[PDB]
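Quick notes on the structure that follows.
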Protein chains: 2
Amino acid sequence: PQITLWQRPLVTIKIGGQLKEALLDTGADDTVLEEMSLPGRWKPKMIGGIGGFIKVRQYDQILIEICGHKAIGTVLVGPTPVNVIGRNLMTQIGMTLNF
Amino acid sequence: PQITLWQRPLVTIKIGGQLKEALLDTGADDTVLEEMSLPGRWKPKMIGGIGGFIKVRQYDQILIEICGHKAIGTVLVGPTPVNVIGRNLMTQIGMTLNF
Ligand SMILES: CCOP(=O)(COc1ccc(C[C@H](NC(=O)O[C@H]2CO[C@H]3OCC[C@H]32)[C@H](O)CN(CC(C)C)S(=O)(=O)c2ccc(OC)cc2)cc1)OCC
């Protein structure tokens with residue numbers, strides 16, 4: 001389908017047995033979510049944007065369900081003010097920009 | 001046209017008669033550009049980002065070409081890691097997300 005940009009493109013994802021609302025974000029390289037518990041090992045990382053950098057825990061190979069699809073990608077967990085779905089995951093579900 | 005998300009969706013914009021590189025950012029409500037000179041008077045605006053709030057200069061009804069399409073709207077100038085084109089301008093050129 002087609003998602004308009006008149007409003008923030010919000011979606012509900014299923015990850016780690018939880019339902020989280022996030023922003024389909026083309027300006028986000030990776031998916032970044034607020035504090036939550038995830039399985040497996042992780043690596044500390046610093047990501048920057050408007051306002052500066054924040055420290056996050058990088059988890060790889062995380063299964064996430066979005067728009068009915070079951071994709072796999074990297075999830076950065078940290079004190080982000082808004083949950084965002086990055087290009088890392090959007091590519092997997094075949095999402096593109098069109099005009 | 002269609003823009004995939006495997007790489008950052010960087011496009012050429014024209015503002016003030018100069019060509020610049022900007023990132024199509026669906027996670028951004030507004031358009032924030034790196035330090036530059038724009039005509040007329042500006043108003044103050046406080047915008048939030050992943051690292052916190054920052055003060056920017058707000059210029060309205062500014063002519064700006066994005067991917068060759070003409071738009072006239074609000075441009076915010078301030079400390080941003082990269083020029084970002086937000087939903088305010090992407091809506092003007094009829095851009096949407098699709099899958
Ligand atoms: C301090 C509190 O702020 P806030 O009011 C809004 O909180 C955010 C934070 C981040 C974003 C995504 C970025 N958009 C944004 O900042 O938008 C700005 C401009 O429009 C305005 O409206 C939304 C917030 C203004 C952008 O899409 C992606 N970023 C990169 C680029 C902007 C430099 S990012 O989030 O820094 C990022 C994501 C993934 C990464 O992986 C490597 C790296 C970096 C949206 C909203 O809190 C609400 C509770």
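Numbering starts fresh at 1 for the residues of each chain in the structure tokens, the chains themselves are lettered A, B, ... in the order given, and ligands are numbered from 1 as they appear.
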**OP:** Using only C-alpha atoms, find which residues of chain A lie within 10 Å of chain B and jot them down as a ChimeraX atom specification.
**Re:** /A:1-10,22-29,32,47-55,67,79-99
Mind doing a quick least-squares superposition of chain A onto chain B, all C-alpha atoms paired one-to-one in order, and writing it out as a PDB file with C-alpha atoms, in the first residue's frame?
```
ATOM      1  CA  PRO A   1      10.317   6.934  -9.587  1.00  0.00           C
ATOM      2  CA  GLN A   2      11.117   4.600  -6.699  1.00  0.00           C
ATOM      3  CA  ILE A   3      13.890   5.315  -4.165  1.00  0.00           C
ATOM      4  CA  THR A   4      15.292   2.266  -2.348  1.00  0.00           C
ATOM      5  CA  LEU A   5      16.132   2.358   1.372  1.00  0.00           C
ATOM      6  CA  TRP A   6      19.149   0.006   1.265  1.00  0.00           C
ATOM      7  CA  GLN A   7      21.196   3.213   1.592  1.00  0.00           C
ATOM      8  CA  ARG A   8      20.488   6.718   2.922  1.00  0.00           C
ATOM      9  CA  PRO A   9      18.067   8.442   0.482  1.00  0.00           C
ATOM     10  CA  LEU A  10      20.266  11.406  -0.459  1.00  0.00           C
ATOM     11  CA  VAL A  11      19.247  14.167  -2.863  1.00  0.00           C
ATOM     12  CA  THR A  12      20.674  17.470  -4.075  1.00  0.00           C
ATOM     13  CA  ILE A  13      18.543  20.558  -3.491  1.00  0.00           C
ATOM     14  CA  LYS A  14      18.850  24.077  -4.888  1.00  0.00           C
ATOM     15  CA  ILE A  15      18.162  26.822  -2.331  1.00  0.00           C
ATOM     16  CA  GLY A  16      19.270  30.451  -2.116  1.00  0.00           C
ATOM     17  CA  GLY A  17      21.507  29.982  -5.140  1.00  0.00           C
ATOM     18  CA  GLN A  18      23.305  27.082  -3.427  1.00  0.00           C
ATOM     19  CA  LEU A  19      23.510  23.337  -3.993  1.00  0.00           C
ATOM     20  CA  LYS A  20      23.132  21.307  -0.807  1.00  0.00           C
ATOM     21  CA  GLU A  21      23.028  17.548  -0.308  1.00  0.00           C
ATOM     22  CA  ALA A  22      20.250  16.467   2.059  1.00  0.00           C
ATOM     23  CA  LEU A  23      18.483  13.406   3.466  1.00  0.00           C
ATOM     24  CA  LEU A  24      14.861  12.666   2.403  1.00  0.00           C
ATOM     25  CA  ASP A  25      13.642  12.279   5.958  1.00  0.00           C
ATOM     26  CA  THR A  26      10.140  11.043   6.862  1.00  0.00           C
ATOM     27  CA  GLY A  27      11.020  11.293  10.551  1.00  0.00           C
ATOM     28  CA  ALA A  28      11.697  15.010  10.140  1.00  0.00           C
ATOM     29  CA  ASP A  29       8.662  17.322  10.495  1.00  0.00           C
ATOM     30  CA  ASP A  30      10.583  20.188   8.890  1.00  0.00           C
ATOM     31  CA  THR A  31      13.596  20.642   6.634  1.00  0.00           C
ATOM     32  CA  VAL A  32      16.697  21.432   8.712  1.00  0.00           C
ATOM     33  CA  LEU A  33      19.918  22.690   7.129  1.00  0.00           C
ATOM     34  CA  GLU A  34      23.373  23.630   8.422  1.00  0.00           C
ATOM     35  CA  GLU A  35      24.256  27.335   8.793  1.00  0.00           C
ATOM     36  CA  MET A  36      23.564  29.404   5.701  1.00  0.00           C
ATOM     37  CA  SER A  37      22.208  32.826   4.808  1.00  0.00           C
ATOM     38  CA  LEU A  38      18.555  33.151   3.731  1.00  0.00           C
ATOM     39  CA  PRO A  39      16.379  36.231   2.997  1.00  0.00           C
ATOM     40  CA  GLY A  40      13.347  37.500   4.901  1.00  0.00           C
ATOM     41  CA  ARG A  41      12.492  37.479   8.593  1.00  0.00           C
ATOM     42  CA  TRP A  42      12.902  34.531  10.950  1.00  0.00           C
ATOM     43  CA  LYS A  43      11.865  33.310  14.404  1.00  0.00           C
ATOM     44  CA  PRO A  44      14.068  31.471  16.927  1.00  0.00           C
ATOM     45  CA  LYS A  45      12.987  27.873  17.642  1.00  0.00           C
ATOM     46  CA  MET A  46      14.255  24.794  19.511  1.00  0.00           C
ATOM     47  CA  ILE A  47      13.925  21.394  17.854  1.00  0.00           C
ATOM     48  CA  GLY A  48      14.563  18.050  19.525  1.00  0.00           C
ATOM     49  CA  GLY A  49      15.693  14.622  18.451  1.00  0.00           C
ATOM     50  CA  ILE A  50      18.114  11.900  19.481  1.00  0.00           C
ATOM     51  CA  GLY A  51      20.759  13.547  21.648  1.00  0.00           C
ATOM     52  CA  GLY A  52      18.577  16.480  22.629  1.00  0.00           C
ATOM     53  CA  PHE A  53      17.651  19.916  21.294  1.00  0.00           C
ATOM     54  CA  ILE A  54      19.423  22.476  19.091  1.00  0.00           C
ATOM     55  CA  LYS A  55      18.435  26.106  18.441  1.00  0.00           C
ATOM     56  CA  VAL A  56      17.498  27.115  14.898  1.00  0.00           C
ATOM     57  CA  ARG A  57      16.219  30.105  12.902  1.00  0.00           C
ATOM     58  CA  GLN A  58      12.858  29.447  11.271  1.00  0.00           C
ATOM     59  CA  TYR A  59      12.363  30.848   7.778  1.00  0.00           C
ATOM     60  CA  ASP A  60       9.013  30.536   6.022  1.00  0.00           C
ATOM     61  CA  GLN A  61       8.101  30.622   2.337  1.00  0.00           C
ATOM     62  CA  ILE A  62      11.491  29.528   1.002  1.00  0.00           C
ATOM     63  CA  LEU A  63      11.712  28.337  -2.608  1.00  0.00           C
ATOM     64  CA  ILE A  64      13.533  24.999  -2.997  1.00  0.00           C
ATOM     65  CA  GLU A  65      14.200  22.878  -6.095  1.00  0.00           C
ATOM     66  CA  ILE A  66      14.275  19.106  -5.534  1.00  0.00           C
ATOM     67  CA  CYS A  67      14.075  16.224  -8.024  1.00  0.00           C
ATOM     68  CA  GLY A  68      13.250  18.761 -10.745  1.00  0.00           C
ATOM     69  CA  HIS A  69      10.275  20.219  -8.844  1.00  0.00           C
ATOM     70  CA  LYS A  70      10.096  23.807  -7.519  1.00  0.00           C
ATOM     71  CA  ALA A  71       8.457  23.651  -4.087  1.00  0.00           C
ATOM     72  CA  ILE A  72       7.867  26.160  -1.282  1.00  0.00           C
ATOM     73  CA  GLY A  73       8.233  25.456   2.427  1.00  0.00           C
ATOM     74  CA  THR A  74       9.707  26.201   5.843  1.00  0.00           C
ATOM     75  CA  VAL A  75      13.466  25.908   6.333  1.00  0.00           C
ATOM     76  CA  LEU A  76      15.051  25.649   9.787  1.00  0.00           C
ATOM     77  CA  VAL A  77      18.709  26.788   9.782  1.00  0.00           C
ATOM     78  CA  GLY A  78      21.041  25.714  12.575  1.00  0.00           C
ATOM     79  CA  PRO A  79      23.925  23.474  13.766  1.00  0.00           C
ATOM     80  CA  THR A  80      22.374  20.212  12.561  1.00  0.00           C
ATOM     81  CA  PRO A  81      24.950  17.444  11.943  1.00  0.00           C
ATOM     82  CA  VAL A  82      23.154  16.297   8.770  1.00  0.00           C
ATOM     83  CA  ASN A  83      20.981  18.174   6.259  1.00  0.00           C
ATOM     84  CA  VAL A  84      17.451  16.736   6.078  1.00  0.00           C
ATOM     85  CA  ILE A  85      14.421  17.356   3.880  1.00  0.00           C
ATOM     86  CA  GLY A  86      11.325  17.150   6.044  1.00  0.00           C
ATOM     87  CA  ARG A  87       7.715  16.154   5.441  1.00  0.00           C
ATOM     88  CA  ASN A  88       6.919  19.875   5.066  1.00  0.00           C
ATOM     89  CA  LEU A  89       8.628  19.799   1.659  1.00  0.00           C
ATOM     90  CA  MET A  90       8.268  16.141   0.631  1.00  0.00           C
ATOM     91  CA  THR A  91       4.451  16.371   0.576  1.00  0.00           C
ATOM     92  CA  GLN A  92       4.732  19.204  -1.983  1.00  0.00           C
ATOM     93  CA  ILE A  93       6.544  17.020  -4.518  1.00  0.00           C
ATOM     94  CA  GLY A  94       4.100  14.143  -4.038  1.00  0.00           C
ATOM     95  CA  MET A  95       6.445  11.819  -2.157  1.00  0.00           C
ATOM     96  CA  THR A  96       4.996   8.917  -0.135  1.00  0.00           C
ATOM     97  CA  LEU A  97       6.067   5.707   1.646  1.00  0.00           C
ATOM     98  CA  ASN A  98       5.033   2.451  -0.042  1.00  0.00           C
ATOM     99  CA  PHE A  99       5.117  -1.243   0.843  1.00  0.00           C
TER     100      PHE A  99
END
```
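Backbone DSSP over chain A gives helix (DSSP H, G or I) for residues 87, 88, 89, 90, 91, 92 and 93 of chain A.
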Residues just named, written with N, CA, C and O atoms as a short mmCIF file (atom, residue, chain, number, x, y, z; two decimals), in the first residue's frame:
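Everything below was put into result15.cif:
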```
data_model
loop_
_atom_site.label_atom_id
_atom_site.label_comp_id
_atom_site.auth_asym_id
_atom_site.auth_seq_id
_atom_site.Cartn_x
_atom_site.Cartn_y
_atom_site.Cartn_z
N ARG A 87 16.31 2.19 8.00
CA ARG A 87 16.45 1.64 6.66
C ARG A 87 16.86 0.17 6.74
O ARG A 87 16.47 -0.64 5.88
N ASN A 88 17.64 -0.18 7.76
CA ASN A 88 18.10 -1.55 7.98
C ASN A 88 16.94 -2.56 7.90
O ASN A 88 17.10 -3.64 7.36
N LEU A 89 15.79 -2.17 8.45
CA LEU A 89 14.62 -3.04 8.47
C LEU A 89 13.62 -2.75 7.35
O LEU A 89 12.98 -3.67 6.83
N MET A 90 13.47 -1.48 6.97
CA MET A 90 12.53 -1.11 5.92
C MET A 90 12.84 -1.75 4.57
O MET A 90 11.92 -2.12 3.84
N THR A 91 14.13 -1.90 4.25
CA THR A 91 14.54 -2.52 2.99
C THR A 91 14.02 -3.96 2.91
O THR A 91 13.54 -4.39 1.86
N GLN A 92 14.07 -4.66 4.04
CA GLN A 92 13.63 -6.05 4.14
C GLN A 92 12.17 -6.28 3.81
O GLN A 92 11.80 -7.36 3.34
N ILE A 93 11.32 -5.29 4.07
CA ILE A 93 9.89 -5.43 3.77
C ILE A 93 9.52 -4.80 2.43
O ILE A 93 8.35 -4.65 2.11
#
```
**OP:** Any chance you could list, as a PyMOL selection string, the residues in segment 19-65 of chain B that come up strand (DSSP E or B) when DSSP is run on the backbone?
**Re:** chain B and resi 19-24+32-33+43-49+52-65
Output N, CA, C and O atoms for every residue in that selection, as a compact mmCIF listing (two decimals), in the first residue's frame.
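After the write, result04.txt holds the following:
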```txt
# COMPACT_ATOMS: atom_id res chain seq x y z
N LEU B 19 23.43 24.36 -5.30
CA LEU B 19 23.10 22.94 -5.17
C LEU B 19 23.72 22.41 -3.88
O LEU B 19 24.86 22.77 -3.53
N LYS B 20 22.96 21.58 -3.17
CA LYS B 20 23.39 20.98 -1.92
C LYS B 20 22.87 19.54 -1.83
O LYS B 20 21.94 19.16 -2.54
N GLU B 21 23.48 18.75 -0.96
CA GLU B 21 23.06 17.37 -0.73
C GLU B 21 22.23 17.32 0.55
O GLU B 21 22.65 17.85 1.58
N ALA B 22 21.06 16.69 0.47
CA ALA B 22 20.18 16.57 1.63
C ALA B 22 19.59 15.16 1.72
O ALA B 22 19.43 14.49 0.71
N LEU B 23 19.29 14.74 2.94
CA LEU B 23 18.73 13.42 3.21
C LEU B 23 17.21 13.44 3.36
O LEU B 23 16.68 14.19 4.19
N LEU B 24 16.51 12.64 2.56
CA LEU B 24 15.05 12.55 2.65
C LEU B 24 14.79 11.84 3.97
O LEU B 24 15.13 10.67 4.15
N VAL B 32 15.61 20.79 8.20
CA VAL B 32 16.71 21.44 8.91
C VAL B 32 17.96 21.41 8.06
O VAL B 32 18.44 20.34 7.68
N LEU B 33 18.50 22.59 7.76
CA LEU B 33 19.69 22.71 6.94
C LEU B 33 20.87 23.29 7.72
O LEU B 33 20.69 24.03 8.70
N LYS B 43 12.34 33.70 12.65
CA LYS B 43 11.72 33.54 13.96
C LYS B 43 12.43 32.40 14.68
O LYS B 43 13.01 31.52 14.03
N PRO B 44 12.42 32.40 16.02
CA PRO B 44 13.10 31.32 16.75
C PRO B 44 12.22 30.08 16.88
O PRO B 44 10.99 30.17 16.95
N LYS B 45 12.87 28.92 16.86
CA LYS B 45 12.17 27.65 17.02
C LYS B 45 13.04 26.66 17.77
O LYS B 45 14.26 26.63 17.59
N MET B 46 12.41 25.90 18.66
CA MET B 46 13.08 24.89 19.46
C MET B 46 12.61 23.53 18.96
O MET B 46 11.42 23.22 19.02
N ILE B 47 13.53 22.75 18.40
CA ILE B 47 13.18 21.42 17.90
C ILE B 47 13.94 20.34 18.66
O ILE B 47 15.08 20.55 19.10
N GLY B 48 13.28 19.20 18.85
CA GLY B 48 13.91 18.10 19.55
C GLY B 48 14.55 17.14 18.56
O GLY B 48 14.17 17.11 17.39
N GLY B 49 15.52 16.38 19.02
CA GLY B 49 16.19 15.42 18.17
C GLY B 49 16.56 14.24 19.03
O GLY B 49 16.18 14.19 20.20
N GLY B 52 18.67 15.61 21.97
CA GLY B 52 18.12 16.70 22.76
C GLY B 52 17.61 17.83 21.89
O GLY B 52 17.54 17.71 20.66
N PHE B 53 17.27 18.94 22.53
CA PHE B 53 16.76 20.11 21.83
C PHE B 53 17.87 21.03 21.34
O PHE B 53 18.98 21.03 21.88
N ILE B 54 17.58 21.77 20.28
CA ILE B 54 18.50 22.73 19.71
C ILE B 54 17.68 23.92 19.22
O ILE B 54 16.48 23.79 18.94
N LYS B 55 18.31 25.08 19.18
CA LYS B 55 17.66 26.29 18.70
C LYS B 55 18.02 26.46 17.24
O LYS B 55 19.17 26.23 16.84
N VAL B 56 17.03 26.80 16.43
CA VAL B 56 17.24 26.99 15.00
C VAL B 56 16.58 28.27 14.52
O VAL B 56 15.74 28.84 15.21
N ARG B 57 16.97 28.73 13.33
CA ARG B 57 16.40 29.93 12.74
C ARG B 57 15.31 29.51 11.76
O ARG B 57 15.56 28.72 10.85
N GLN B 58 14.10 30.04 11.95
CA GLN B 58 12.99 29.69 11.08
C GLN B 58 12.72 30.72 9.98
O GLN B 58 12.44 31.88 10.26
N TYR B 59 12.82 30.28 8.74
CA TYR B 59 12.56 31.13 7.59
C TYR B 59 11.34 30.54 6.90
O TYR B 59 11.28 29.33 6.68
N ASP B 60 10.35 31.38 6.58
CA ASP B 60 9.14 30.90 5.92
C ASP B 60 9.05 31.27 4.44
O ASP B 60 9.71 32.20 3.98
N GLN B 61 8.23 30.51 3.72
CA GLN B 61 8.01 30.71 2.29
C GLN B 61 9.32 30.82 1.50
O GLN B 61 9.51 31.74 0.72
N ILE B 62 10.22 29.88 1.76
CA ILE B 62 11.51 29.82 1.09
C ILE B 62 11.43 28.88 -0.11
O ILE B 62 10.92 27.75 -0.01
N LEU B 63 11.91 29.35 -1.26
CA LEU B 63 11.92 28.56 -2.48
C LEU B 63 13.03 27.53 -2.37
O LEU B 63 14.17 27.86 -2.04
N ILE B 64 12.68 26.27 -2.61
CA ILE B 64 13.65 25.19 -2.54
C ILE B 64 13.24 24.07 -3.49
O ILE B 64 12.09 23.65 -3.51
N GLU B 65 14.19 23.64 -4.31
CA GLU B 65 13.97 22.57 -5.27
C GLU B 65 14.52 21.28 -4.67
O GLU B 65 15.62 21.26 -4.12
```
